[PDB]
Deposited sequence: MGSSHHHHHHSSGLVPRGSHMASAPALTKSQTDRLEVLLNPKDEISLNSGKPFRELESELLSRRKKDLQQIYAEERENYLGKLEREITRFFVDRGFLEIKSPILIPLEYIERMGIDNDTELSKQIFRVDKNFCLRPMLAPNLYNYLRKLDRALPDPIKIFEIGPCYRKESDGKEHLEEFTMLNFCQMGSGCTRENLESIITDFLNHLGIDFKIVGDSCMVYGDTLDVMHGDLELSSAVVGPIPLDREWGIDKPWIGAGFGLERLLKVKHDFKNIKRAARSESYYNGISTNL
């Protein structure tokens, strides 16, 4: 008669946010299976784009159009970058590779290096961004992924104000159609941050520099910047209950169960 907790977990795997007893499990499951197959058939017939890849392209266009240079830097980075980031906590979260390398947990160290290098070539202000994989060993699963995709944009030189930072953040999220509020906060690496929140979900940490860490990276100018999780953004935008629906995954494609 009543659904078991296991049967309910199974149907919840198959349930999309848009979907609207005493029908048996097998018929509810069969109905959901049929709707999800059709969802995939529709993607496949019409658009064929992955949400994560698509979101990356749309964000890329946004920042290129606003004068930010698109970076593609290494994902596998020297372990020394972590120490030079002032990380020794987040330190338990580092995936190490070989004796000397690790999977980057953030984009900041490589973007510090690009900021310094490009200051020799490019006019003030220097505007750059990267979108790409980042990795953190994580105990949670509801808002945390071990493998995720971060956007980090930043500017250095003139115009590096808190007002300009907030304005970019605001134009960005309004462009994406994502509701937010900007709250003051802090963390170990940076300060002193602004946190961009969706209800109780952190979409972004943002910082108005300078900060004392800059000197370690050969940086001696004002800067502003923010990092956003693309899977968090997708999660809010598609109203996914679990962030795993927005991840690189063999179990979900565009938030649709692939176990059909």
Where does the structure fail to cover the deposited sequence at the C-alpha level? 1 to 24, 45 to 48, 117 to 119
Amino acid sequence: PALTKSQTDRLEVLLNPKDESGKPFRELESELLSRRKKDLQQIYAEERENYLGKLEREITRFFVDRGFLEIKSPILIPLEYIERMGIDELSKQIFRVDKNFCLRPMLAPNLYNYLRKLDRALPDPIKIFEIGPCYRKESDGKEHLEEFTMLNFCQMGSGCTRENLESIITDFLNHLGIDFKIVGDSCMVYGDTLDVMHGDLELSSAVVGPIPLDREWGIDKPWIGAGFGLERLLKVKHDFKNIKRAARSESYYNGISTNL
From here on, numbers count along this sequence of modelled residues.
Taking only the CA atoms, which stretch has the higher mean B-factor in the record, 6 to 14 or 21 to 29? 21 to 29
Out of 183 to 191 and 130 to 138, which stretch has the higher average CA B-factor listed in the record? 183 to 191
Max C-alpha B-factor within the set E70, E58, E231, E46 falls on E46
For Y81, the third of its chain into which the C-alpha B factor falls: middle
Taking the C-alpha B-factors as the PDB entry records them, is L145 in the lowest, middle or highest third of its chain? middle
B-factor third for the C-alpha atom of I178 within its chain: middle
Going by the entry, which third of its chain does the Cα temperature factor of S91 land in? highest
Chain-wide C-alpha B factor ranking for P210, given as lowest, middle or highest third: highest
